[PDB]
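A.B. asks: Protein chains in written order, with the authors' numbering: chain 8, 72 to 262; chain I, 58 to 194. Virtual Cβ for every residue (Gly too), placed ideally from N, Cα, C.
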Amino acid sequence: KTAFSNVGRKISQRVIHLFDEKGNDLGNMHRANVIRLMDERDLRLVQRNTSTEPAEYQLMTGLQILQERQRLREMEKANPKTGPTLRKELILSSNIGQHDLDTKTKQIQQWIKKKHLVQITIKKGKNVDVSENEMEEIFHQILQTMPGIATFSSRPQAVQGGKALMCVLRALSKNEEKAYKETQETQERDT
Amino acid sequence: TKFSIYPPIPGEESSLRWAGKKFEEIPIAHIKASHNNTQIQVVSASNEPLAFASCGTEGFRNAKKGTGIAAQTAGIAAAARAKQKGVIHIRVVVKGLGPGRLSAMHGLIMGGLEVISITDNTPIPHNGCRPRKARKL
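1. Compute the Euclidean distance between the alpha carbons of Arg118 (chain I) and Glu111 (chain 8), then round it to the nearest angstrom.
2. Given that a residue counts as buried once 16 or more other Cβ atoms are within 10 Å of its Cβ, and exposed if not, what is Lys122 (chain I)?
3. Shortest alpha-carbon distance to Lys89 (chain I) belongs to which of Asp177 (chain I), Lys190 (chain I), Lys140 (chain I)?
4. Counting along the chain, where does the beta strand (DSSP E) carrying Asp177 (chain I) start and finish?
5. Which residues, taken in chain order from the region 150-175 of chain I, show a beta carbon closer than 8 Å to some beta carbon of chain 8?
6. Assuming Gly157 (chain I) contacts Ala134 (chain I) under a Cβ cut-off of 8 Å, what Cβ separation, rounded to an integer in Å, is found between them?
7. List, in order along the chain, the chain I residues whose C-beta lies closer than 8 Å to that of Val78 (chain 8)?
8. Could you give the distance in angstroms between the alpha-carbon of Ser72 (chain I) and the alpha-carbon of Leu165 (chain I)?
9. Look at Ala86 (chain I) and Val149 (chain I) and say whether their C-beta atoms are less than 7 Å apart.
10. Applying the 10 Å Cβ sphere with the 16-neighbour rule, what's the burial state of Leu157 (chain 8)?
11. May I ask you to verify whether the region 127-134 of chain 8 touches the region 87-101 of chain 8, counting CB pairs closer than 8 Å and requiring at least 3?
12. Could you give the distance in angstroms between the alpha-carbon of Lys190 (chain I) and the alpha-carbon of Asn94 (chain I)?
13. Just list the residues that DSSP pairs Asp96 (chain 8) with in beta bridges.
14. Less than 8 Å between the CB atoms is what I'm expecting for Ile97 (chain I) and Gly132 (chain I), so what's the real figure, rounded?
15. So, at 8 Å on beta carbons, what are the nonlocal neighbours of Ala102 (chain I) in its own chain, with the 5 sequence-adjacent residues on each side left out?
16. On a CA-only basis, which of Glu259 (chain 8), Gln138 (chain 8), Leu188 (chain 8), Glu92 (chain 8) is nearest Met237 (chain 8)? Give me that one, please.
17. How is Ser164 (chain 8) classed by DSSP in three states: helix, strand or coil?
18. Using a 10 Å radius around the Cβ and a threshold of 16 neighbouring Cβ atoms, would you call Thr176 (chain 8) buried or exposed?
19. Per DSSP, which one or two residues make a beta bridge with residue 196 (chain I)?
20. Tell me, which residues are paired with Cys238 (chain 8) by DSSP?
21. Starting from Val117 (chain 8), trace the beta strand (DSSP E) both ways and give me its first and last residue.
22. Got a sec, what are the start and stop residues for the alpha helix (DSSP H) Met109 (chain 8) sits in?
23. My output table needs one value for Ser160 (chain I): the three-state DSSP class, helix, strand or coil.
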């Protein structure tokens, strides 16, 4: 998270690949020599590209610093590209009551609808002996509620020496969805 | 004569001069000390903007603007732009009870400006608009 604003008269790095206001390449110069050009022409330096290993800074007028981001306010509006996926966690118990399993199963439907990743963990119930035969039958019971909407990303594993099982769910991908749709129509309509 | 802390009223004639200029002519330094920022703007007697500086314009971000060092840095940046236009004596008009209320006044002195007066114009209503509800943090 950054902004196209002036860095000020405090430069962290001694050597900077300075750039002219008109786009001319001044070339690498000492940090002290950079401030001389900020006063000589009353201009502000903005870091154009952090990624490059050599420091890159371009000095431009205040109006030039407004027009730049004023276009970054439209590019994201016109073509927003927000793809981060939040990860959610749930820790259930083998002996979880059905009512609590229907309330937590409806919470997963809101997460899958918002394209989140649901990490589900199941633990041995309090003073209850149970294997992984019926302890792994809750995932299939939760996924069934979401037939097309959700599908496994990861699969049940013995995270902690078999006492607990962890799985990850995701929203069905567009392509996958179409495949599911296509299959559903043939079973009933063709018959 | 003696020394009074009350400003010389414009109408009545006085003898207090600064560089041959009356109190009315001296430029004014409007400081708005907020809680998360501190903006400084120097103006003349005829309301002509000469210099503007703030913690944001000096390269500070988020919570670094609400410090005493960022206000002092903003005073030096405004006391260096106004000293090139022939400003030496100023009238400080502080507005707000922020952290950079007094630190910006020191920064103006670290730029070659001499403060002759300190004015407070902090907005106080006589019940007007209703503030936001109190918080539990």
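C.D. replies: Let me spell this out:
1. Counting from one through the second sequence, the residue named residue 118 (chain I) turns up at place 61. Counting from one through the first sequence, the residue named residue 111 (chain 8) turns up at place 40. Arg118 (chain I) and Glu111 (chain 8): Cα-Cα distance of roughly 26 Å.
2. Residue 122 (chain I) sits at position 65 when you count from the first residue of the second sequence. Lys122 (chain I) is buried by the Cβ-count criterion.
3. Mapped onto the second sequence, residue 89 (chain I) falls at position 32. Taking only the C-alpha atoms, the option nearest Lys89 (chain I) is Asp177 (chain I).
4. Taking the first residue of the second sequence as position 1, residue 177 (chain I) is located at position 120. Counting along the chain, the beta strand (DSSP E) containing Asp177 (chain I) begins and ends at 171-177.
5. none
6. Counted from its first residue, the second sequence places residue 157 (chain I) at position 100. Counted from its first residue, the second sequence places residue 134 (chain I) at position 77. Contact flag wrong, Cβ pair sits at about 13 Å.
7. By one-based count along the first sequence, residue 78 (chain 8) stands at place 7. Correct list: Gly116.
8. Against the second sequence, residue 72 (chain I) aligns to sequence position 15. Against the second sequence, residue 165 (chain I) aligns to sequence position 108. Their Cα atoms are separated by approximately 26 Å.
9. Taking the second sequence and counting its residues from 1, the one referred to as residue 86 (chain I) is at position 29. Taking the second sequence and counting its residues from 1, the one referred to as residue 149 (chain I) is at position 92. In this structure, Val149 (chain I) lies closer than 7 Å to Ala86 (chain I) by Cβ.
10. Within the first sequence, residue 157 (chain 8) is the residue found at index 86, counting from 1. Burial call: exposed.
11. yes
12. Residue numbering aside, residue 190 (chain I) sits at position 133 when the second sequence is read from its first letter. Residue numbering aside, residue 94 (chain I) sits at position 37 when the second sequence is read from its first letter. Approximately 22 Å, taken between the alpha carbons.
13. The sequence position of residue 96 (chain 8) within the first sequence is 25, counting from 1. DSSP lists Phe90 (chain 8) as partners of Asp96 (chain 8).
14. Position 40 of the second sequence, counted from the first residue, corresponds to residue 97 (chain I). Position 75 of the second sequence, counted from the first residue, corresponds to residue 132 (chain I). Their Cβ separation, rounded to whole angstroms, is 6 Å, which keeps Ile97 (chain I) and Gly132 (chain I) in contact under 8 Å.
15. Translated into the one-based positions of the second sequence, residue 102 (chain I) becomes position 45. Contacts found: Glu81, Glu82, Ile83, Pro84, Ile85.
16. By one-based count along the first sequence, residue 237 (chain 8) stands at place 166. Considering only alpha carbons, the answer is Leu188 (chain 8).
17. Reading the first sequence from its first residue, position 93 is the one you call residue 164 (chain 8). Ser164 (chain 8): strand per DSSP, three-state reduction.
18. What you label residue 176 (chain 8) is simply residue 105 of the first sequence in a count that begins at 1. Classification for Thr176 (chain 8): buried.
19. Lying before the first or after the last residue shown, residue 196 (chain I) is absent from chain I, which here runs from 58 to 194.
20. The sequence position of residue 238 (chain 8) within the first sequence is 167, counting from 1. DSSP output for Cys238 (chain 8) lists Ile191 (chain 8) as bridge partner(s).
21. On the first sequence, residue 117 (chain 8) is found 46 positions in, with the first residue counted as 1. Unbroken beta strand (DSSP E) run through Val117 (chain 8): 115-120.
22. Within the first sequence, numbered from 1, the residue matching residue 109 (chain 8) stands at position 38. Taken as a continuous stretch (DSSP letters only), the alpha helix (DSSP H) holding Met109 (chain 8) covers 102-111.
23. As a first step, residue 160 (chain I) is located in the second sequence; it is residue number 103 there, counting from the start. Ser160 (chain I): helix per DSSP, three-state reduction.
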